[PDB]
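Those protein sequences? They're chains B, D, A, F, C, E, H and G, same order as listed.
When you line the first sequence up against the deposited numbering, it's residues 70 to 367, 535 to 595, in that order.
When you line the second sequence up against the deposited numbering, it's residues 70 to 367, 535 to 595, in that order.
When you line the third sequence up against the deposited numbering, it's residues 70 to 367, 535 to 595, in that order.
When you line the fourth sequence up against the deposited numbering, it's residues 70 to 367, 535 to 595, in that order.
If you read the fifth sequence in the deposited numbering, its first letter stands for residue 6, the second for the next number, and so on.
If you read the sixth sequence in the deposited numbering, its first letter stands for residue 6, the second for the next number, and so on.
If you read the seventh sequence in the deposited numbering, its first letter stands for residue 6, the second for the next number, and so on.
If you read the eighth sequence in the deposited numbering, its first letter stands for residue 6, the second for the next number, and so on.
Please read the structure below before turning to the comments.
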Amino acid sequence: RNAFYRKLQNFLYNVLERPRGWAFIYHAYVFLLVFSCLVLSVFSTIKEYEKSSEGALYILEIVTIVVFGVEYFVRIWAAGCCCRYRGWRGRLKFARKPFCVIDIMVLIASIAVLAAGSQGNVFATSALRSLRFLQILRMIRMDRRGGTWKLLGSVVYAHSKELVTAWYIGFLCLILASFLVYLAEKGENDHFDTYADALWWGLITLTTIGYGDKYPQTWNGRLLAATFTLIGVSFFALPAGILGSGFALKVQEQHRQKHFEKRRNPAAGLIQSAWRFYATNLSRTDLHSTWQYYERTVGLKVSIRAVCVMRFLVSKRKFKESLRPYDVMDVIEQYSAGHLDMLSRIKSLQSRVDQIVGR
Amino acid sequence: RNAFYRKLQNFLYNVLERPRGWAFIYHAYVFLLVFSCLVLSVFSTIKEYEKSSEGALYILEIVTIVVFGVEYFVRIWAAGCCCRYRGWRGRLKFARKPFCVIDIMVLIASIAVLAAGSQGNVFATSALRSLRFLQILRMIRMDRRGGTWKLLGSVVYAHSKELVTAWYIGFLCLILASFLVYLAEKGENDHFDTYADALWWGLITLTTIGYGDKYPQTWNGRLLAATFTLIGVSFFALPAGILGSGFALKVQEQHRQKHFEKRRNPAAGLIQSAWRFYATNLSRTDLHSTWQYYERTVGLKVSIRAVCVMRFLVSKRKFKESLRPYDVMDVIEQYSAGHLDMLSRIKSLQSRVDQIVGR
Amino acid sequence: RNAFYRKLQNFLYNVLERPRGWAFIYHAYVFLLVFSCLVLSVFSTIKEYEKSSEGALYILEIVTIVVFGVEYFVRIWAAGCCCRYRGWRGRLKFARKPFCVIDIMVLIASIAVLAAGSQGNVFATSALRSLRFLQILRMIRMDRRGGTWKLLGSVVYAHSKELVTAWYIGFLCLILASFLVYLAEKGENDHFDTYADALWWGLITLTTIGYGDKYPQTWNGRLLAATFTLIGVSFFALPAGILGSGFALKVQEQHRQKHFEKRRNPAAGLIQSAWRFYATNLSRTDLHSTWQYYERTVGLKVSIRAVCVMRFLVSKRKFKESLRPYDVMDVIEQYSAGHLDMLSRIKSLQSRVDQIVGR
Amino acid sequence: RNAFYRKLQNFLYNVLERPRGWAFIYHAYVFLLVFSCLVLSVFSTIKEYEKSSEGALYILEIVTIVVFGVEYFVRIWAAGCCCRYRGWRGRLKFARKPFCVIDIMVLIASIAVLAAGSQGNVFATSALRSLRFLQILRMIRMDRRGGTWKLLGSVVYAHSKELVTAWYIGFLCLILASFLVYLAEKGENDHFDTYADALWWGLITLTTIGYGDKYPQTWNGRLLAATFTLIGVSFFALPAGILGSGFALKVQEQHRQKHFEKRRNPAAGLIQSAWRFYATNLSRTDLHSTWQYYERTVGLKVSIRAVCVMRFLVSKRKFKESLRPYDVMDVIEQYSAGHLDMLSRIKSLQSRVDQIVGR
Amino acid sequence: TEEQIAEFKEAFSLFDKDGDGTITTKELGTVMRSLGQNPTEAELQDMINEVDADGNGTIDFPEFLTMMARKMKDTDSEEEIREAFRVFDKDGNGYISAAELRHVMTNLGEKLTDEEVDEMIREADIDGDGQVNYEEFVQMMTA
Amino acid sequence: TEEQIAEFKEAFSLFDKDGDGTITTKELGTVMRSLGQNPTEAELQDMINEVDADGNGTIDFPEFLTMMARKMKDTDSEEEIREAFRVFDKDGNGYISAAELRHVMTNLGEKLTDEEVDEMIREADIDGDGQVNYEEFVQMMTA
Amino acid sequence: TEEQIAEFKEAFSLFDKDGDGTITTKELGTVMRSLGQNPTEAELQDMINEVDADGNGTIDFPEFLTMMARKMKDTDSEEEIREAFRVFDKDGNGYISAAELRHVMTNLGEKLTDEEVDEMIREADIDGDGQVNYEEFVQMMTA
Amino acid sequence: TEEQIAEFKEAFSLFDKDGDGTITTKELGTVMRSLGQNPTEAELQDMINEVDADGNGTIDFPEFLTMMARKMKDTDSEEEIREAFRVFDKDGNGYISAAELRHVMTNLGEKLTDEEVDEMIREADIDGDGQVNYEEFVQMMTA
Ligand SMILES: Nc1c(NC(=O)CCC2CCCC2)ccc(NCc2ccc(C(F)(F)F)cc2)c1F
């Protein structure tokens with residue numbers, strides 16, 4: 070009973086919290102489901118299609134709210150598989166997580182909208198904006214880890230100075246070109262009736278949009294727009310290329326490092342050292358295993541404690557160093573160490589067959 | 070007779086299936102031919118030019134269908150050069166390939182369109198859409214390997230998480246900005262008469278299109294569009310840069326690895342081991358060559541079989557490892573092995589001239 | 070008194086000149102402040118909002134001018150922390166810096182605009198353009214180092230040939246396509262009434278703008294525009310991708326090199342050598358420390541001077557070489573040196589146990 | 070006289086043919102001059118400015134034709150500095166170069182246009198197109214090496230498969246999306262009156278242009294355009310990013326390799342060997358230098541010839557290998573060679589102090 | 006209490022064989038090398054600096070006491086343990102079979118006898134299944 | 006049948022010189038080293054783990070039998086053979102000259118006598134041309 | 006003046022033990038090796054070329070005089086000193102504690118006695134605080 | 006003519022000390038090693054394959070004759086010479102000073118005496134300036 074119970078618990082936790090293979094399918098389905106809902110809500114906002122789409126929208130709304138509630142309950146139950154959250158207080162702490170609170174606020178907001186806004190199925194006008202915002206936040210919540218946001222932030226920080234330079238130059242050219250076009254076509258063109266119209270046009274231009282609502286018509290304004298467009302469209306599109314290139318480089322490095330064996334071995338060393346530490350506790354009247362083992366390898537008790545903790549902390553440090561493997565630093569450090577070892581060898585042979593030459 | 074016959078067979082198979090140099094020219098010509106056909110069909114759809122282009126279109130259609138049929142026959146004949154497909158059943162298996170079936174469906178569809186739709190060369194209105202779709206599928210088939218699709222899929226999978234992040238952020242900003250612009254200009258602007266018009270405008274904007282059919286006109290809507298355009302045009306253009314950079318990195322690595330000599334030698338080892346395996350079969354009352362060779366190098537027969545299979549399987553593994561050469565992993569593994577060898581050396585010298593010092 | 074005085078001096082200099090952490094916040098605030106000013110000035114240029122925004126604009130103008138003046142005074146005071154600028158002449162030299170003069174010209178121009186252009190807070194029409202240009206130059210000055218400009222220039226120079234190729238091809242296709250479209254639609258389309266309209270349209274096109282004011286309408290002009298758009302939009306967008314990729318590669322290399330320990334040690338060697346140089350000056354009737362130290366390590537005085545300067549200059553060179561660490565050159569040089577050392581070792585052992593074999 | 074004559078010859082050849090520093094300035098000036106000419110010709114095509122710009126255009130035309138002629142003469146004179154082109158036949162061969170013939174055709178075409186088209190200064194209507202084409206070809210000729218074209222071709226070939234994939238996918242989606250939009254909005258929208266209008270709109274869309282002349286208006290056509298725009302704008306912009314990234318990678322590798330010392334030394338070896346080859350010619354009754362040198366290092537004459545040619549050809553091969561330095565291949569080859577040397581060392585020590593152990 | 010300080014003083018005296026008052030690299034190598042564990046001098050000397058608060062190249066009594074008070078709860082070893090059992094979890098289930106513990110303990114790091122891994126399985130295998138969870142064991146650390 | 010199992014038992018006994026019942030790395034090195042083939046101990050020991058199903062560092066009788074039943078048809082060696090003859094095909098025609106086989110056999114891998122390559126050309130050169138196709142030979146493997 | 010030239014001639018004679026008139030790599034190694042400083046011959050020989058104006062592999066009297074006149078003010082050593090104290094400034098404040106000077110002097114580069122760092126702190130620690138500024142010391146160079 | 010073939014036969018006999026008819030790596034090493042030039046066997050053996058048309062590991066008389074007929078004009082050595090003098094042209098003027106030739110000849114590659122570089126300057130320095138052009142010398146090769 071308990072074996073299958075815990076098997077199901079861990080399987081559900083893996084599917085919901087850390088999906089790798091088939092679990093994603095389910096997630097995708099939910100996303101599609103949620104996606105469909107907005108689409109139906111989308112199709113319900115139009116009057117000519119509201120009468121034809123509102124029933125399906127309401128049915129899908131009941132389905133999605135039920136699915137979200139059951140998923141939340143299953144997740145807060147499967148949180149018992151990991152020992153961080155077990156028991157009443159453990160499940161409470163799991164619920165304390167920001168995305169869990171986001172989920173419950175989503176559920177209660179959906180309930181409130183369905184109760185008040187839907188005197189029937191179709192929804193109230195005021196509740197419509199709240200419903201759309203709720204769907205937006207559900208889409209935000211679709212990913213629980215926020216790994217996308219973390220990755221984007223890390224990549225941006227890696228290029229913080231440099232994105233900053235791109236943005237600063239882009240803004241400067243936008244302001245300056247807008248100012249001159251406003252000067253040149255203040256009265257001749259009604260499009261640039263005001264400086265603000267010039268700023269809007271310059272933003273539309275430097276972004277490669279080209280709405281056509283505003284555009285220079287004079288020779289001088291057109292010339293200046295041409296020059297500063299050539300100058301600044303590249304700057305405005307630069308952050309996209311910056312990020313794309315940097316993203317590809319990051320994934321390339323991650324692929325390069327993947328091997329991770331020199332990370333494996335120090336893990337074994339460190340875990341053995343940690344078990345020695347726990348087994349050599351002086352205050353514990355147990356753990357005779359490591360005690361007698363050391364007694365084979367030999535004030536005394538405290539000295540053994542001290543040496544064991546020295547080696548455990550240094551092994552922790554060593555595992556920390558192996559925590560980040562880089563091919564370049566790997567080769568550099570390995571070659572430095574090997575060169576030092578080789579130096580020791582040659583000093584040995586020199587002094588040593590010097591002793592021989594003496595004889 | 071047979072020598073020249075097989076020479077022609079292999080030459081045709083190389084030209085059609087695996088073109089490297091001049092063969093591509095022919096392929097290009099066919100592509101151009103096929104391309105011209107749609108263009109002529111294109112030029113035939115316009116009434117003012119249909120009377121002037123339909124005769125050439127029909128002639129090129131006969132030419133291209135004949136060329137495709139003869140090419141299919143020549144290919145299914147030249148499939149005999151490779152031993153996978155030889156004889157009646159071999160050619161049947163070759164025809165089983167998905168692109169071969171695509172070719173025959175193309176041929177039969179072309180025949181059907183030319184027979185029914187062309188009561189007089191010029192084609193029937195209903196058969197016109199089928200003809201255009203047939204041309205589209207022919208263009209799809211132009212490449213038999215599908216190497217382009219495989220490369221695109223591999224690169225996408227390499228950046229799957231990361232393209233996913235880009236798409237997710239782009240979609241989120243699109244939805245959110247469209248929602249606010251719809252709020253700001255629901256009644257003031259007829260362009261954003263509905264939320265759906267706002268979504269269409271937001272997609273046209275974030276993609277740098279700027280049709281001009283819809284655009285904000287209010288100060289608040291224009292401000293929000295400006296901000297979220299700055300935010301999200303980079304995200305929308307990101308996948309292009311992601312893919313381009315990743316593509317360049319992949320080709321760069323492929324160029325880096327090209328040497329392949331440590332891949333060459335294990336191939337020789339493995340093939341020699343495989344021939345030993347076949348030559349040492351116990352059930353075979355032949356192959357006295359390797360039998361007597363081993364008899365020079367020496535229950536007995538089975539032991540020889542066992543050792544030979546050990547070495548053959550390990551050589552297969554070794555060739556497998558050399559199957560993928562990476563400069564970084566090459567240097568890491570080679571330096572680790574050399575360092576271990578060096579350690580063995582120095583232990584030898586230490587213990588050994590210690591023996592000497594003893595004397 | 071002096072301790073806290075100098076502590077505050079260095080803290081202010083760090084915050085203003087070289088901000089790393091919290092100091093940036095203050096800078097950002099000032100930027101935002103300055104930014105707000107233009108926005109308010111922006112909002113003040115519109116007549117319908119001028120009466121509502123001019124008072125806040127004037128108040129923020131007084132605030133920003135006061136802030137800039139006090140910041141300039143605090144900076145020219147905190148310049149005493151560094152020994153380059155101390156005392157009357159030191160502060161004068163600090164003021165000689167181009168960005169310091171930019172700051173004072175900004176302050177005086179702001180004073181002049183506020184005195185003359187503002188008869189009563191409201192600003193004069195002629196002084197308005199000067200005020201906007203002053204804000205533009207303040208935004209330019211926001212960064213004192215100009216590190217963004219230096220980085221952009223360095224990256225451009227790194228790709229100078231290659232950006233040049235991109236620009237040259239883009240310009241050529243623009244000219245040529247514009248010429249043909251002008252030929253094809255000289256009279257048929259009023260949009261391309263002149264070659265210059267064709268050039269403007271071609272620039273709008275190759276930049277992916279698509280205003281819609283001008284566009285081909287004839288079959289031939291549309292075909293040519295299609296072909297050369299496909300050809301040249303990639304060329305026009307190329308510089309953006311070039312720069313983005315190159316920027317990412319540069320930051321990647323900078324991250325790769327970061328370790329800098331082989332740069333640390335030669336610094337110690339060089340500084341010790343420099344102190345030896347100063348301590349071994351012959352004309353100085355002091356510095357008996359290094360004099361007696363060398364007297365322990367031993535015409536004589538001049539010889540010691542000479543040897544000390546030899547070693548100091550060579551250590552300076554060595555530190556110079558370690559000034560630029562590159563992983564690739566690090567590995568190449570280190571392996572060459574280690575291989576030469578190994579060669580020396582093996583020659584020693586060969587000749588040496590040859591001597592042994594002789595016995 | 071001859072010393073200064075040749076000094077000027079080489080200086081002019083360097084400035085014109087291979088400009089590095091200040092020479093570029095002159096080139097730039099000429100380019101600007103030529104550029105100005107078209108601009109003036111540009112400004113001369115407009116009737117309202119033709120009367121004001123034609124005199125300056127004609128003056129600049131005389132100036133530029135004179136400058137081009139004198140530059141051609143100076144270049145064909147300075148071609149004597151290099152020994153490839155010296156004397157009557159040498160200068161003729163130099164003139165045979167394709168860009169030299171381009172220059173003379175440019176000069177003669179300019180003369181013809183100025184003589185016939187310009188009854189005075191004003192230019193003939195028919196000669197105007199020829200003049201503009203001549204300016205276009207002059208701009209083409211501005212660079213004599215064609216290094217930009219060679220670089221672009223090399224980079225394209227490096228990514229030939231991959232650019233091909235991008236283009237193929239882009240074309241496929243363009244065709245397919247255009248076809249469906251034409252189906253959906255054949256009659257509803259006059260913009261897509263024909264399939265060809267749909268193709269033009271699809272090209273304008275996938276390129277991020279957005280002219281606004283044509284665009285979907287129906288729900289289904291708009292949906293399909295949205296989907297395939299998302300799909301294919303990235304593909305259409307892909308070649309730009311591909312090329313930019315690849316360009317940056319190429320320049321990065323070129324910067325990486327720059328050191329070139331292992332290329333320097335084999336050059337010395339090879340040139341010494343080549344001089345030995347020339348000095349050891351048997352048929353030459355001279356060159357007693359290397360003959361007696363070898364006589365110190367020793535049928536005989538032919539044997540010396542043979543050995544010298546062996547070493548010269550192998551040194552040529554060695555210099556060829558050092559012709560292309562790659563950091564990755566450098567490290568791989570150097571480590572393989574060092575490992576083999578180390579193996580030889582350890583075999584020596586093993587067998588050798590085994591001999592010692594025997595004693 | 007003074008008892009722990011006295012025990013640390015006794016430990017230092019058993020370490021300060023030379024009586025220098027600051028156990029030096031060679032001396033701390035000697036003290037444990039005689040017992041039967043003979044780590045290479047490199048590990049000892051490069052470890053000393055990691056704990057040498059004053060950076061004297063040795064360990065003085067204050068540096069002895071500060072770490073003697075420092076237990077598993079400090080040094081945020083929790084993350085290191087998380088990574089350590091996550092690397093050896095080829096499935097990611099958060100649990101590892103006991104036999105894999107036997108193997109990894111035996112053939113990696115500082116090898117220990119079957120007795121050490123026996124007490125390990127005693128402590129970790131609380132529910133007696135073999136597939137011991139990582140989170141519970143790491144919680145036992147602080148507990 | 007029991008005949009093959011008896012032959013495998015005889016082979017194991019001829020291998021288990023110590024009689025341990027699990028041929029160990031050193032023992033399997035000794036058994037073939039005495040015959041006349043003396044591979045470095047590294048290759049043997051690193052090969053043992055590749056076939057050691059239980060991971061004991063040796064080969065037990067079940068691990069002997071499982072592979073003894075495992076023939077060329079298993080282990081999807083077909084792809085390895087395809088790559089192996091594709092690398093040595095400088096033309097890509099799918100066929101390789103016999104003389105190149107002589108050379109590559111002689112000067113690479115475990116070198117064999119002209120007799121081995123003679124039987125090789127006998128089997129592969131079915132049509133007697135020298136330019137033997139790869140596909141036919143690899144089909145002969147499974148056949 | 007002629008006094009400095011005479012002193013340089015005396016120095017060269019004390020260097021040109023062989024009397025060749027161009028102090029050679031081995032000879033300049035010998036001259037200072039006998040004193041008590043014994044740098045490896047590699048450093049000496051690779052340094053000679055850096056100052057060898059004529060590139061003869063040795064140092065002639067003109068190359069001696071040119072540098073003897075060349076003081077700290079030349080060779081733009083200012084930037085090198087700036088980098089040298091900027092690397093060891095973990096804070097970037099532009100000043101470094103005296104104790105860090107003691108440590109870096111003792112444990113890096115050509116090590117010197119406490120007397121050398123004592124005169125160093127004498128000169129640099131003008132205001133007697135320990136946190137000596139880099140800019141003032143580097144100004145002292147040219148001064 | 007038959008004279009050159011006879012001379013090549015005499016050369017081969019002076020090379021084929023063993024009389025094998027195909028000068029082998031060790032034999033061609035011995036023949037020139039005795040004269041006074043003693044290149045490492047590695048260079049000889051790795052060079053043999055570069056000229057071994059039949060790939061026998063040696064040089065047969067046909068491979069001797071084919072190259073004996075092959076002069077400087079073949080093997081497109083022109084490009085190699087262009088690169089070789091372009092690398093040593095730090096200015097790119099297309100000419101190199103004679104003293105730099107002295108230095109590079111002396112201190113790189115197979116070093117030769119001042120006599121060799123003397124005949125070099127004789128041939129190259131046709132106009133007697135020292136700054137000898139590369140193009141003229143490389144033309145002299147084919148001439
Ligand atoms: N595919 C795509 C691309 N283009 C590519 O990724 C090219 C490569 C893909 C992979 C294989 C086929 C095409 C660029 C941007 C976005 N924006 C995100 C997005 C916005 C709106 C919606 C919605 F409105 F339709 F929901 C969905 C998603 C995007 F999706």
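Virtual Cβ for every residue (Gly too), placed ideally from N, Cα, C.
Residue i versus residue j: straight-line alpha-carbon distance, rounded
i                 : j                 : result
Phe168 of chain B : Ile209 of chain B : 10 Å
Interface flag, residue i vs chain G, CB-CB below 9 Å
i                      : result
residue 370 of chain F : Residue numbering in chain F jumps from 367 to 535; residue 370 of chain F, which lies between, is not modelled.
Below-9 Å beta-carbon distance, residue i vs any chain H residue
i                 : result
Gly574 of chain A : no
Contact under 9 Å by Cβ, residue i with residue j
i                 : j                : result
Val136 of chain A : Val99 of chain A : yes
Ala306 of chain B : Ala92 of chain D : no
For residue i, three-class secondary structure by DSSP
i                 : result
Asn138 of chain E : strand
CB contact check: residue i to chain D, cutoff 9 Å
i                 : result
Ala317 of chain A : yes
9 Å Cβ cutoff, residue i in contact with chain E
i                 : result
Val550 of chain D : yes
Residue-chain proximity (residue i, chain F), Cβ-Cβ < 9 Å
i                 : result
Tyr571 of chain A : yes
Item to check | beta strand (DSSP E) runs wholly inside the region 33–77 of chain E, at least 3 long, in chain order | outcome: Within the region 33–77 of chain E, the complete beta strand (DSSP E) runs of at least 3 residues are 63–65.
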